[PDB]
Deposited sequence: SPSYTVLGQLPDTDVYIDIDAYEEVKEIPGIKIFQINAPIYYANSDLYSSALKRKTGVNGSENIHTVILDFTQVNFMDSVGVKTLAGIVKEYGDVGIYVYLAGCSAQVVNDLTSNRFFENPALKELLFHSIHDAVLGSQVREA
């Protein structure tokens, strides 16, 4: 899909890249890592289309800002996975993106600040142990 890319881990490293870019790159069981490549309502439309995972990690490294519609869309993804016990983490948001999330009430509940990680690897380590 052009709107997201599934990422895997280069074995025994903290490097995460397109699963199809290199043969030995491998997804981590229990985690889905998607890099956002277009505004989130495109990826969200893909999500709806295909619809044992404990965590979904969204890599925001390509995202430069978010609009109000995008924030509402993301808040619904996080809510709906959370309602079945699956955490959605946001990896690599810039300070501007977090400002946009904040302005659009994504953190009305401050607990949602615990979904932010600087890197994909930090989010993978953060998924190991947490309130179930």
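Missing from the model relative to the deposited sequence is only the stretch 52-62 (no C-alpha coordinates, numbering from 1).
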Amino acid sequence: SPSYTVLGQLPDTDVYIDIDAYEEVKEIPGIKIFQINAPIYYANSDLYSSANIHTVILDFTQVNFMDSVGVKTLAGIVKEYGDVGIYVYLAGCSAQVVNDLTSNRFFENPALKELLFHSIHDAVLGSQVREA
From here on, numbers count along this sequence of modelled residues.
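As the entry records it, the average C-alpha temperature factor is higher for 100-108, out of 80-88 and 100-108. Mean CA B-factor, 32-40 versus 56-64: the higher value falls on 32-40. Ranked by C-alpha B-factor against the other modelled residues of its chain, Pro2 falls in the highest third. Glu114: CA B factor in the middle third of modelled residues in this chain (values from the PDB entry). Sort the chain's modelled residues by C-alpha temperature factor and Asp18 lands in the middle third, per the entry. Looking at the C-alpha B-factors along this chain, the one for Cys93 belongs to the lowest third.
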